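Asks: Dumping the structure here so I can ask a few things about it.
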Amino acid sequence: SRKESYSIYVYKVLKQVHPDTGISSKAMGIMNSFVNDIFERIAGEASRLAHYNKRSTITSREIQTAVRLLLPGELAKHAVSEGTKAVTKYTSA
Amino acid sequence: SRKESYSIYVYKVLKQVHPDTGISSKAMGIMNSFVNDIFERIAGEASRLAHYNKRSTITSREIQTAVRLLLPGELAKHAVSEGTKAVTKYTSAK
Amino acid sequence: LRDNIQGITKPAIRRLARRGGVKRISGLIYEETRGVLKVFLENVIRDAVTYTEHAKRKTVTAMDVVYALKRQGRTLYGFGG
Amino acid sequence: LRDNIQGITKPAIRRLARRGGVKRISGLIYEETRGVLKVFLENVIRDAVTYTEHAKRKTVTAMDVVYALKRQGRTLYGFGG
Amino acid sequence: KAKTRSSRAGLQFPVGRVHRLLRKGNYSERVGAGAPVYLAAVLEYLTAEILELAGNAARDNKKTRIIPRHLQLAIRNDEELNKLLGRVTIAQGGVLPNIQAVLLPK
Amino acid sequence: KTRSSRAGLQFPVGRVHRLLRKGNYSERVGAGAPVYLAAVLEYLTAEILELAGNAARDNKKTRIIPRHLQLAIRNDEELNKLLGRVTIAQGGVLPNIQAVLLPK
Amino acid sequence: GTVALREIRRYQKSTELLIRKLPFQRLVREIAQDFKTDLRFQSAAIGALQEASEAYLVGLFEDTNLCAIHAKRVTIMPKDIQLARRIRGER
Amino acid sequence: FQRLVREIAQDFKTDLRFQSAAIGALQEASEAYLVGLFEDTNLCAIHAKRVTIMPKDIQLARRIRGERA
DNA sequence: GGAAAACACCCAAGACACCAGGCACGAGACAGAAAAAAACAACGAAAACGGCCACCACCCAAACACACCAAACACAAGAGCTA
DNA sequence: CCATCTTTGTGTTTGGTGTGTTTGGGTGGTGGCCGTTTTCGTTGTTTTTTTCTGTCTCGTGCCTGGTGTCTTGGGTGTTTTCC
């Protein structure tokens with residue numbers, strides 16, 4: 001049928017970090033579930049923040065603060081830096 | 001900008017169940033927080049469960065199933081029975 | 001079906017304890033472990049069967065069981081979601 | 001404000017342990033209770049601070065605190081939640 | 001005369017208010033008619049049970065004022081209510097009196 | 001032409017934007033939110049796949065197995081702190097014996 | 001004592017399921033029967049139930065081993081089971 | 001306790017005013033957490049055939065609760 | 001149809017439980033010390049509200065290429081036996 | 001435990017298409033900004049108060065050594081019941 005998956009993009013980042021390493025289908029499903037879970041957590045918390053401040057728009061800010069809210073330690077800092085760099089690279093292109 | 005609250009209805013049901021007992025303003029705040037929290041829990045579970053079945057409507061069935069999912073034990077059965085009684089009473093009138 | 005929980009054999013409980021790093025096992029551990037497993041299975045199966053009943057289905061699918069364990073704070077990776 | 005972790009005095013933490021039904025108190029436990037209280041306060045204060053910073057405010061209100069606590073599965077009733 | 005839905009269904013809780021909060025609380029584009037009635041009935045039953053047990057617990061304490069202490073007593077002394085409200089802390093509720101059996105002297 | 005190429009990302013920005021729009025979170029979604037979310041997802045998946053590839057290399061294996069993913073998750077303080085309440089199917093447990101139980 | 005450490009090392013290095021499939025399947029069907037009759041079951045749901053129950057039991061046994069270690073013992077007891085369950089919050 | 005809360009909050013960003021209700025909520029949450037932890041630690045001490053709680057019971061209670069990794 | 005594994009039975013060995021003893025360490029009370037608490041006033045950073053004004057995202061409509069299915073052949077490491 | 005000859009079944013790549021992502025323009029309002037008010041949060045001073053800190057004596061709870069026994073562990077052959 002038409003089921004969506006993150007297979008191609010995970011393959012791209014895998015060959016980016018490890019060109020000579022493969023991955024099993026069960027691990028592929030695990031990666032898809034992980035990406036979906038993290039997406040759901042961040043998006044739901046960002047929506048909750050938007051609901052708190054009586055706002056109707058999700059911008060980069062609430063996503064950033066959700067990232068700091070969820071991810072612990074250095075992880076969150078590096079994710080915030082990477083997202084900010086992606087945002088300015090998109091805006092300057 | 002008068003913030004809404006459930007104070008009057010909580011006082012009404014308390015006077016219904018205990019005519020000779022009053023309630024402190026702090027206990028009113030706790031009861032308001034409890035009612036609000038239960039509202040958010042049931043509404044969020046119903047919205048999720050509706051999103052699972054690709055449905056756009058929260059009906060009495062979704063609320064009933066959320067109540068069965070959340071409330072533990074006899075509380076669920078009593079709440080479901082009284083809710084069904086309320087629904088059929090509303091449907092029998094207009 | 002009558003008295004089937006005893007089908008979870010004593011060496012199976014031994015292997016599960018060995019996975020957890022347990023060196024010595026008392027003889028009364030097995031019945032309590034069986035009771036705990038029964039309670040956990042009942043708790044998960046109740047929510048899973050409620051999810052099936054709401055959807056007007058007659059078969060329990062993997063997605064319902066995943067959703068139900070996730071609702072119990074026991075999120076499962078590898079079976080959809 | 002300089003090292004006021006000692007403000008959580010020994011009779012106070014003794015009272016807190018006493019409410020839990022504890023009869024005897026070791027002499028070395030007080031630093032451990034101060035440490036775990038510092039850790040818990042650190043986490044909740046951090047979450048409240050970033051909640052306030054997202055709201056473009058300079059004063060932490062009770063709503064941010066109750067929100068942060070409820071997000072950690074420690075829902076508090078009675079403060080406008 | 002435009003009769004309220006609460007009076008039509010025989011409820012004390014406001015059907016219109018919970019309907020508005022469900023419609024405005026970003027769940028789904030459209031909301032069925034029976035859902036606010038059902039939710040208000042469930043909320044009514046729960047607050048009736050909690051307030052009943054709290055009034056009874058106050059009555060054993062020879063008090064006419066419901067305080068957070070009586071609410072905490074009512075919640076923690078009922079098994080299913082303790083199961084439902086497991087992860088909540090009642091402000092100014094205190095702790096139930098519990099002393100262990102082997103903790104006591106002989 | 002694609003927003004992913006403009007943002008220098010491999011994850012599909014349009015897919016995240018569509019999921020946010022039809023996911024019933026808010027009425028409107030800004031342009032920077034899907035880019036930020038895609039960047040966060042890519043960084044997290046790159047980190048966990050890097051640790052999984054390191055674990056697979058240490059185990060002399062060429063295909064990543066869910067065992068390797070379990071090892072990579074449990075050997076990282078930040079990742080297992082994030083994923084404390086997650087049980088990996090066919091992942092097993094981390095090998096750990098207590099100090100006092102070893103023989104004498 | 002030696003074969004205890006051999007079993008610990010073997011099972012902690014292995015990844016296959018340790019609960020036998022058919023008794024667990026019959027147990028799941030027997031438990032689910034008393035909630036609703038004529039119930040069908042997908043195989044993947046049974047496998048997910050088996051994996052989740054095995055992970056939960058492994059975690060419970062690890063915490064129970066910690067409790068047994070606390071009392072200067074090496075043998076786990078039922079009182080360790082209810083101590084771990086009580087502290088973890090199950091009833 | 002208010003000074004301690006201000007000391008912890010100072011480490012992230014200064015000039016942060018703290019409403020009395022926020023400080024009271026923080027105090028109530030901290031007392032509830034400490035009372036629950038001491039109940040669990042008393043259970044741990046009772047399990048080890050002791051009536052005096054030790055820091056090792058605190059660490060074990062936090063370990064099994066999942067708060068400490 | 002097939003075969004790997006639970007299960008009953010019999011010896012053995014060693015950790016748990018109880019007793020006894022000793023030590024040390026919190027508990028209890030008196031005395032001295034601290035500073036928390038309540039009342040009260042001042043200054044002002046900043047929060048809530050209001051009014052204005054504009055850039056940003058939704059909506060329709062047309063278009064084309066990335067991502068899906070079908071289908072093909074490759075090759076990682078699992079099977080048993082060696083050392 | 002790793003290693004090699006041989007198997008295999010599942011990972012990887014490639015063609016066709018259709019659906020989903022991309023471009024163009026137009027509208028309406030959500031939200032950014034500024035300015036004013038005024039509530040409340042902090043910071044400072046004084047007295048009563050009550051608790052906190054320190055020191056001395058000592059009662060009993062925690063820790064350690066010895067015995068033994070009974071409880072569990074190990075090996076074996078079989079049937080059976082899971083695959």
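Letters for chains follow the order of the structure tokens (A, B, ...), residue numbers begin at 1 for each chain, and ligand numbers begin at 1 in the order shown.
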Could I get the residues of chain H with an atom no further than 9 Å from an atom of chain J, each paired with its nearest atom pair and that distance in Å to one decimal, using only C-alpha atoms (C1' of nucleotides), sorted by chain and residue number, as a Markdown table?
Replies:
```
| residue | atom | partner | partner_atom | distance |
| --- | --- | --- | --- | --- |
| H:17 | CA | J:41 | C1' | 6.9 |
| H:18 | CA | J:41 | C1' | 7.9 |
| H:19 | CA | J:41 | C1' | 7.4 |
| H:50 | CA | J:62 | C1' | 8.1 |
| H:51 | CA | J:61 | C1' | 8.1 |
| H:52 | CA | J:61 | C1' | 8.3 |
```
Asks: Which chain C residues are at most 12 Å from chain I (counting only C-alpha atoms (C1' of nucleotides)), as a list in words?
Replies: residues 7, 8, 9, 10, 11, 12, 24 and 26 of chain C
Asks: What lies within 9 Å of residue 35 (chain G) using only C-alpha atoms (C1' of nucleotides), ignoring chain neighbours under 5 positions off, as an MDAnalysis selection string?
Replies: chainID C and resid 45:46 49
Asks: Show me, as a PyMOL selection string, the residues of chain A whose atoms get within 9 Å of chain J, using only C-alpha atoms (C1' of nucleotides) for the distance check.
Replies: chain A and resi 22-25+55-57
Asks: Quick check: residues of chain E within 12 Å of chain F, only C-alpha atoms, returned as a PyMOL selection string.
Replies: chain E and resi 24-29
Asks: Any chance you could export the current selection's C-alpha atoms as a compact mmCIF listing (two decimals), in the first residue's frame?
Replies:
```txt
# COMPACT_ATOMS: atom_id res chain seq x y z
CA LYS E 24 -11.71 25.48 22.35
CA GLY E 25 -9.20 23.07 23.89
CA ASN E 26 -7.73 22.03 20.50
CA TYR E 27 -8.80 18.37 20.31
CA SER E 28 -10.84 17.90 17.11
CA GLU E 29 -12.56 20.14 14.54
```
Asks: Select, from A:86, A:30, A:58, A:50, the residue with the minimum atom-to-atom distance to residue 3 (chain F), counting only C-alpha atoms.
Replies: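 Once distances to residue 3 (chain F) are computed over only C-alpha atoms, the minimum belongs to A:86.
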Asks: Could you give me the residues within chain C that DSSP places in helix (DSSP H, G or I), as an NGL selection string?
Replies: :C and (5-7 or 10-19 or 29-54 or 62-71)
Asks: Only C-alpha atoms, please: the residues just picked out, written as a compact mmCIF listing (two decimals), in the first residue's frame.
Replies:
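Just written: selection00.txt:
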```
# COMPACT_ATOMS: atom_id res chain seq x y z
CA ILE C 5 -0.26 -20.29 34.63
CA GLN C 6 1.82 -23.26 35.85
CA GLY C 7 2.87 -23.73 32.20
CA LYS C 10 10.51 -23.29 36.80
CA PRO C 11 13.66 -23.38 34.54
CA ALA C 12 12.17 -20.44 32.59
CA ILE C 13 12.01 -18.41 35.82
CA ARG C 14 15.55 -19.63 36.53
CA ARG C 15 16.77 -18.31 33.16
CA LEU C 16 14.98 -14.98 33.69
CA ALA C 17 16.68 -14.64 37.09
CA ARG C 18 20.05 -15.55 35.52
CA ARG C 19 19.56 -12.74 33.00
CA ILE C 29 10.15 -17.24 44.44
CA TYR C 30 8.39 -19.03 41.54
CA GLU C 31 4.77 -18.75 42.74
CA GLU C 32 5.16 -15.06 43.62
CA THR C 33 6.81 -14.43 40.23
CA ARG C 34 3.90 -16.21 38.51
CA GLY C 35 1.45 -14.00 40.41
CA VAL C 36 3.34 -10.84 39.42
CA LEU C 37 3.38 -11.95 35.77
CA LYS C 38 -0.37 -12.66 35.93
CA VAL C 39 -1.06 -9.19 37.37
CA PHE C 40 1.09 -7.47 34.71
CA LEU C 41 -0.48 -9.50 31.88
CA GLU C 42 -4.00 -8.76 33.16
CA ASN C 43 -3.24 -5.02 33.37
CA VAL C 44 -1.88 -4.85 29.80
CA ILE C 45 -4.57 -7.14 28.31
CA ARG C 46 -7.40 -5.07 29.86
CA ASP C 47 -6.32 -1.88 28.06
CA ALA C 48 -5.52 -3.77 24.84
CA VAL C 49 -8.94 -5.44 24.75
CA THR C 50 -10.61 -2.09 25.52
CA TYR C 51 -8.81 -0.57 22.52
CA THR C 52 -9.99 -3.46 20.33
CA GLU C 53 -13.59 -3.15 21.60
CA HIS C 54 -13.78 0.58 20.83
CA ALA C 62 0.10 -5.36 17.66
CA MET C 63 -0.59 -1.61 17.44
CA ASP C 64 -3.22 -1.78 20.21
CA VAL C 65 -0.81 -3.64 22.51
CA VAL C 66 1.94 -1.07 21.79
CA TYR C 67 -0.45 1.85 22.43
CA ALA C 68 -1.61 0.16 25.66
CA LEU C 69 1.88 -0.45 27.07
CA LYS C 70 2.80 3.12 26.09
CA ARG C 71 -0.24 4.27 28.07
```
